[PDB]
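# Observations on the model geometry
Given next are the chains, with one letter for each unit.
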2 protein chains.
Amino acid sequence: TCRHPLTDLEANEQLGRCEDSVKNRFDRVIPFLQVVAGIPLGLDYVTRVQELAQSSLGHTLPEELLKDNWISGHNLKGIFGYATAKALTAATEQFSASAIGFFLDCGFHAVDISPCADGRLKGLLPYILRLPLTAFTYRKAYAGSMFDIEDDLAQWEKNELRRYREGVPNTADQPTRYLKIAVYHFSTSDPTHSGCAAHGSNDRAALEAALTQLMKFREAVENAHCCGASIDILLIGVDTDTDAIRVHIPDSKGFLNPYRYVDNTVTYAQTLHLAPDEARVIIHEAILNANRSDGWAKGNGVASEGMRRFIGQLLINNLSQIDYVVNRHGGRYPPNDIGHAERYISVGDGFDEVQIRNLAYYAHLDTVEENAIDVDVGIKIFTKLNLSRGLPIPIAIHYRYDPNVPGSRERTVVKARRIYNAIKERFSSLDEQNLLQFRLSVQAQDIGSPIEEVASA
Amino acid sequence: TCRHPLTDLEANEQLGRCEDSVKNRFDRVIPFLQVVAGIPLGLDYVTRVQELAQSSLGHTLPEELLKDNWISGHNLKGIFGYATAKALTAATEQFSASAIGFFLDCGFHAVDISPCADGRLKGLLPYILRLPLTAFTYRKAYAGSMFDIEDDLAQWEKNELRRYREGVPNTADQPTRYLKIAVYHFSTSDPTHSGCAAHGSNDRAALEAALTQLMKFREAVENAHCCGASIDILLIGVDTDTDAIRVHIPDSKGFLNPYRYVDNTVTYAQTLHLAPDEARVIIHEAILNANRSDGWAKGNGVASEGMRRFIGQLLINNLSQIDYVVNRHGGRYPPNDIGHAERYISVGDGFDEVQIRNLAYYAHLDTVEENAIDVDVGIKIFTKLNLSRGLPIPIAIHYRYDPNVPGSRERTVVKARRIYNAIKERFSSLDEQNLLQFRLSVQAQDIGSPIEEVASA
Ligand SMILES: [Zn+2]
Ligand SMILES: [Zn+2]
């Protein structure tokens, strides 16, 4: 078990430290609750619980959570909800140009990544791809990578208008394109149970669904606008057991083949014992041989220089993540980490500060009526994850708003409260048992904006 | 307080030991639960509860019963259900030719006893009558001794066919008959409250109901078959306070008089100070004087030699039980033992291994729809017995199947699950509060067959 020459050691250590700290903050709540349940409800109950909470979780608890526990029993569910919300707040607060130039040199003025809403793909940008979130990098996760065409088209139009009017990334005459990346996931160890649940854990079904959505988006962009407007499409598959990516190389015209791809597992295997420059040569030629391969991978021409450079950089970055997983877990995630191990249900736009693998179940929705199935899937997952142990389900309803648009924050807060009430009236049996805990938050759309808590009522 | 010369001392000691052990196994659960309720739900709750259970009940508990008790509170109801099921299993496991010859010498090839479903009559065979359960001795208990004519006729036909084809008890030409015994019960101390609840605690009502059912069965056998096919009928009353039987002596033609009977209390009183052979002479003549008495006991002729010998043996056997009660409780059962003191509700065919007085409430039924009133009576009894103390009601659904018939075991298991679900949907308020605990079991119809637990779902 040696180290790859291209591994980013200090970045790996930093990422591991952040992951460990956040997961520990979320996980230490349960032992504290178990200790609390053994404290008699005497006259010293409140003081003892408060000092124990200060010693364990680093914060105290509101007296309303403990004031009437002597007559109403231990308020373990309320303490759990409060502690989970505090852990999420602490994680976000603790988290809180070169990428644009690199994208421009590769021939793109904007990169749009649409991975699956699976929790195992949450850390796709900071861990698997090592791509920072910039003003021109977007991450819109959907269930089964089934991203919506209309909003992507609107984003494309907005970016093109910005290029035409101000040329913020670059002037409109530059021959750069809009890059849309679709990410599917699969499990090598358990293909039939640990795959994409949106497609019945069928690897090829997820692959073809993502490819079809990419093709539909490209054709919609072509149809909606004239003068030969077009976009570039990229397809990436992630093995959730080893966090290794296979990138489907487009041909000269940009079409993607489900069989023409570069797999980073064999690349890591065959570049382990070489030297940095030689490994870079290896991946540079390997992209070419994969793109020029025949048979089922028959492709017309070869991909552009920018495409190949971008894919090579992606593979080099993913090598560090493969090495990170090998170091931390001996080459494969533990059996508990292979499946669902989420700590809370994220509803709305999600958090850009806690992009950690298998931390939360994300349900991209603006209305419960439109995407109820995501909420039901999350509740079903947490029924086994949490309700089996008797713990309540924590739900963070987070939304982003644009401060430039007048009245946007109030509308966003109203939307958050509406979502909270809709999730309340559904699963009303779980509500009556206090098995659902909520926290509502809003944030400005700018990167690094503070997160503001809002009252549930 | 001296001992009757005909008392079976070692048999009495053995029976008392078994009764004490079984009742202690069932009764020691509650103090253990009360001790458990005082254990704080700390980190040592599971270990302490398990070691206490091992020390007290002789067995441990599944972790699922205690794993989430810290957040859901003490699972006293679940532990109660599990411990009661384990006690029943232990009692059955601990329990697990001459009689046929004696029956044949008395002129019967099969004996069928149909006592009331009252719990105080549960130990009628091993204690009150000292009659072992053989391949030709049957015990079908019904509420109010209201045994069903059709199944008795079917059993008679099966036995007669076996005699004709193989002659297993004896050849068909032998002048033996099928003996049907009906047992009613009454209370001397509290006639109006501790009598047969199926007849409003009216002694004469129970007597005439049992006599009418016996007459109906005899006439049905006579009508259904020609060549003068007939059966012998016997009527027995049991005083639940002293476990003493009065046997109604049939006349020469087999008819029974509600007033012509031999009472074993006066027999025990008048045979206490004599010697064995003299006491046997006394009961032999006493049968004759009772059968030859006039007035309201006017009967045509005298009973046969086999009938009188059988009745004399029954009285001699019941003398030992009278002596047993006198020894253990000073001549009468304690006031708590006079009424209802059952530990669980037996539904189905009952257990032949725990035939102990006042141990369980038995509800002979194959469908809740047909005999719902028995279930309601049992639930009403246990509402005062158990629900007053806050304990749940334990219910053992036990059924017997014939392994010779293909597919019988699966059908029996399906029937048990159907009965369990039907009892669940009724009394749904008790179900939601976890006040009903169930255990489902099946057993082969052969005597001594193992009891197999089945899953509730
Ligand atoms: Zn998925
Ligand atoms: Zn009765």
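Of regular secondary structure, chain A possesses 16 helices and 11 strands. A compact globule built from 457 residues would reach a C-alpha radius of gyration of about 23 Å, and chain A, at 24 Å, matches this within 12%. Taken over the C-alpha atoms alone, chain A extends approximately 80 × 55 × 40 Å along its principal axes. Accessible surface for chain A amounts to roughly 20000 Å². Of this, 54% is attributable to carbon and sulfur atoms. Taking the average location of the 47 positive side-chain charges in chain A and that of its 58 negative ones, the two points are 1 Å from each other.

Turning our eyes to something else, we now look at the side chain of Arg 139 of chain B. Residues and elements named next belong to chain B. On the secondary structure map, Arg 139 appears in strand 2 (residues 137–139). We note that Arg 139 is buried and unpaired, the nearest opposite charge coming from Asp 352 at a distance of 6.4 Å. Here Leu 121 takes part through its backbone oxygen, which lies 3.4 Å from a polar atom of the side chain of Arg 139. Leave out the neighbours within four places in its chain, and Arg 139 touches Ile 113, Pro 115, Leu 121, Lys 122, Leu 125, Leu 133 and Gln 355.

With that settled, the discussion passes to the coordination of the zinc ion (ligand 1). Residues and elements named next belong to chain A. The zinc ion (ligand 1) binds to the protein through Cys 116 (SG), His 185 (NE2) and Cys 196 (SG); the donor distances cover 2.3 Å. Ordering the donors of the zinc ion (ligand 1) by residue number gives the pattern C-x68-H-x10-C. Residue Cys 116 is found in the loop between strand 1 (108–115) and helix 7 (124–129), and its partner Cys 196 is found in the loop between strand 3 (177–186) and helix 9 (203–224); the two are separated by 80 residues along the sequence. Assessed through its relative accessible area of 3%, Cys 196 is described here as buried.

The next thing to look at is the relation of the copies chain A and chain B. Once chain A is rotated about the relating axis by 120° and shifted along it by 0.0 Å, it coincides with chain B to within an RMSD of 0.0 Å. The superposition of one copy onto the other is thereby described by a three-fold rotation axis. Identified as the residue of chain A closest to the rotation axis by C-alpha distance is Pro 40 of chain A, at 4.5 Å.

Those protein atoms acting as donors to the zinc ion (ligand 2) are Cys 116 of chain B (SG), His 185 of chain B (NE2) and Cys 196 of chain B (SG), and they sit at 2.3 Å. For the zinc ion (ligand 2), the donor residues sit on a single chain with the sequence spacing C-x68-H-x10-C.

Our next topic: the pairing of strand 1 (residues 108–115) of chain B. Residue and element names in this part refer to chain B. Taken across its 8 residues, strand 1 has 8 buried, putting it largely inside the fold. Note that strand 1 and strand 3 (residues 177–186) share 7 bridges and pair parallel. Bridging from a neighbouring strand, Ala 110 pairs with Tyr 178 of strand 3. Alignment of strand 1 against strand 2, held across 3 bridges, turns out to be parallel. Residue pairing in the sheet places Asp 112 in a bridge with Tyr 138 of strand 2. Handedness of the β-α-β unit built from strand 1, helix 7 (residues 124–129) and strand 2 comes out right-handed.

All names here are of chain A. Here we have 6 strands laid out as an open sheet, ordered 2-1-3-4-5-6, and mixed in their pairing. Strands with a single pairing partner mark the edges of an open sheet, and in this sheet they are strand 2 (137–139) and strand 6 (261–263). Neighbouring strand axes in the sheet, compared pairwise and without regard to direction, differ in orientation by 20° on average. The strands that helix 12 (residues 305–329) touches are strand 1, strand 3, strand 4 (232–239), strand 5 (244–248) and strand 6; relative to strand 5, the one it contacts most, it runs at about 165°.

Next up on the list: the packing of aromatic side chains. A full pass over the atoms with the stated rule returns 22 aromatic pairs over all chains. Consider the rings of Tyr 178 of chain B and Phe 217 of chain B, whose centres lie 6.5 Å apart with planes at 75°: the pair is edge-to-face. Remark: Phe 217 of chain B occurs in helix 9 (residues 203–224) and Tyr 178 of chain B occurs in strand 3; sequence separation between them is 39 residues. For the residue pair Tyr 178 of chain B and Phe 217 of chain B, the accessibility class agrees, reading buried in each case. Among the aromatic residues, those joined into a ring-pair cluster are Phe 102, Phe 103, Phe 108 and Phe 310 of chain A. Over the aromatic face of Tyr 333 of chain A sits the side chain of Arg 357 of chain A, whose NZ or CZ is 3.8 Å from the ring centroid. Over the ring of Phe 147 of chain B we find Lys 180 of chain B, and its NZ or CZ is 4.3 Å from the ring centre.

Moving on to the sheet that holds strand 11 (residues 451–454) of chain A. All names here are of chain A. Read from one edge to the other, the open sheet built from 5 strands follows the order 8-7-9-10-11, with strand pairing classed as mixed. Edge positions in the sheet fall to strand 8 (360–363) and strand 11, since each has one partner strand and no second. Adjacent strand axes in the sheet meet at a mean angle of 30° when their direction is disregarded. Inspection of the sheet shows strand 10 (residues 436–444) paired to strand 11 by 4 bridges, in the antiparallel sense. Counted as the bridge partner of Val 442 is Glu 452 from strand 11. Set on the sheet, helix 5 (residues 76–95) makes contact with strand 7 (344–348), strand 9 (393–401), strand 10 and strand 11; between it and strand 10 the angle comes to about 25°. The sheet strands contacting helix 14 (residues 372–385) are strand 7, strand 8, strand 9 and strand 10, and the helix crosses strand 8 at an angle near 165°.

Calculation criteria
- Residues numbered from 1 in each chain as written, not as in the entry; some residues may be left out.
- Chains lettered and ligands numbered in written order.
- Part of a larger assembly, values for the part shown.
- Heavy atoms only, no water.
- Helix = DSSP H or I, 4+ residues; strand = E, 2+ residues; numbered from the N terminus.
- Rg over C-alpha atoms; globule rule 2.2 N^0.38 Å.
- Areas by Shrake-Rupley, 256 points an atom, 1.4 Å probe, with all protein chains shown as cover.
- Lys, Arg positive; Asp, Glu negative; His and termini not counted.
- Charge placed at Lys NZ, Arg CZ, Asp CG, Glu CD.
- Buried < 20%, exposed > 50% of the residue type's maximum accessible area, 1.4 Å probe, protein only.
- Salt bridge = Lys/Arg side-chain N within 4 Å of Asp/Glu carboxyl O.
- Polar contact = N/O pair within 3.5 Å; in protein donor to acceptor, adjacent residues only side chain to side chain.
- Contact = heavy atoms within 4.5 Å.
- Donors = N, O, S within 2.8 Å, 3.2 Å for Na, K, Ca; no water.
- Least-squares fit on C-alpha atoms.
- Pairing = 2+ DSSP bridges.
- Right-handed = clockwise from strand over helix to strand, strands pointing away.
- Axes fitted to C-alpha atoms, helices over the stretch in contact; angles between N-to-C directions.
- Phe/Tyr/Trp six-rings, centres within 6.5 Å; stacked < 30°, edge-to-face > 60°.
- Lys NZ or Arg CZ within 6 Å of the ring centre and 35° of its normal.

The analysis is restricted to geometry; functional conclusions fall outside its scope.
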